[PDB]
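Undergrad: Here's a sequence, model it:
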Amino acid sequence: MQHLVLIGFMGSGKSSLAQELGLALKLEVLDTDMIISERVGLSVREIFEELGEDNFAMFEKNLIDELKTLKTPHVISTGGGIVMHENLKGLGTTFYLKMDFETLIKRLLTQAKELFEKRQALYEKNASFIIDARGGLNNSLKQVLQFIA
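TA: Numbering: from 1, shown residues only. Find the structure here:
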């Protein structure tokens, strides 16, 4: 609960922001996309295609509990599977990196819009803080650094 937890959709650019936020604050950064792929042995993309998003999200939800094992404060990029998460706020201060749907869509249909709407509601229910992604990585970073001050 002094972990800084970047949460948001996959493709939102949280991993890269995490990297740069760690560097700025002299903190280690952990990316649950990385851990899950490292431990499962398959790429994010293969897990998504062969096992589905619900199972990615399960992988993530099980890693969260382990992440409270951490003796030091970390930047943690996670939340690609918010559907399965109950309250990652118990992991630390969570920042939702909020991107509009059309912009998320470019970086990666009525059914996708439906999903996006439902999951955004979960992200902001799980967020201690909201960072507006529209302005790009450094403007998101400034936002996070301003919350910290």
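Undergrad: quick one: strands adjacent to the strand ranked longest in the chain?
TA: For the chain, the strand with the greatest residue count under DSSP state E is strand 93-98. Sheet pairing of strand 93-98 (DSSP bridges) gives strand 4-7 (parallel), strand 129-132 (parallel).
Undergrad: now, of those strands, which is deepest in the fold?
TA: Highest mean neighbour count of these: strand 4-7, a mean of 26 (counted as mean count of other CB atoms under 10 Å). Yep, even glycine has a C-beta here, placed from its N, CA and C like the rest.
Undergrad: how about the CA coordinates for it, as PDB?
TA: What follows is strand 4-7, C-alpha atoms only, in PDB (Å, rounded to 0.1, in the frame of the first residue of the first chain):
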ATOM      1  CA  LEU A   4       2.400   2.400  -7.100                       C
ATOM      2  CA  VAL A   5       0.000   0.300  -9.200                       C
ATOM      3  CA  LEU A   6      -0.600   1.300 -12.800                       C
ATOM      4  CA  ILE A   7      -3.800  -0.400 -14.000                       C
END
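Undergrad: After it, which helix or strand is next?
TA: Sequence order places helix 14-25 as the next helix or strand after strand 4-7, per DSSP states H and E.
Undergrad: In the chain, what residue spans correspond to helices?
TA: Applying DSSP state H to the chain gives helices spanning 14-25, 32-40, 44-46, 53-67, 101-107, 110-125, 137-148.
Undergrad: how many degrees apart are the second one and helix 14-25 in direction?
TA: By that I understand helix 32-40. Taking axes from the mean of the first three to the mean of the last three CA atoms, to 10 degrees, one finds helix 32-40 and helix 14-25 inclined to each other by 110 degrees.
Undergrad: ok, residue 26 - contacts?
TA: For residue 26, the contact set (CB atoms under 8 Å, 6 or more residues apart in numbering) is empty.
Undergrad: Against residue 73, how distant is it?
TA: Residue 26 sits 10 Å away from residue 73, taking CB to CB, to the nearest Å as the criterion.
Undergrad: swap in residue 91?
TA: 11 Å.
Undergrad: list residues touching both of these two?
TA: Joint contacts of residue 91 and residue 73 (CB under 8 Å, 6+ apart) are residue 3.
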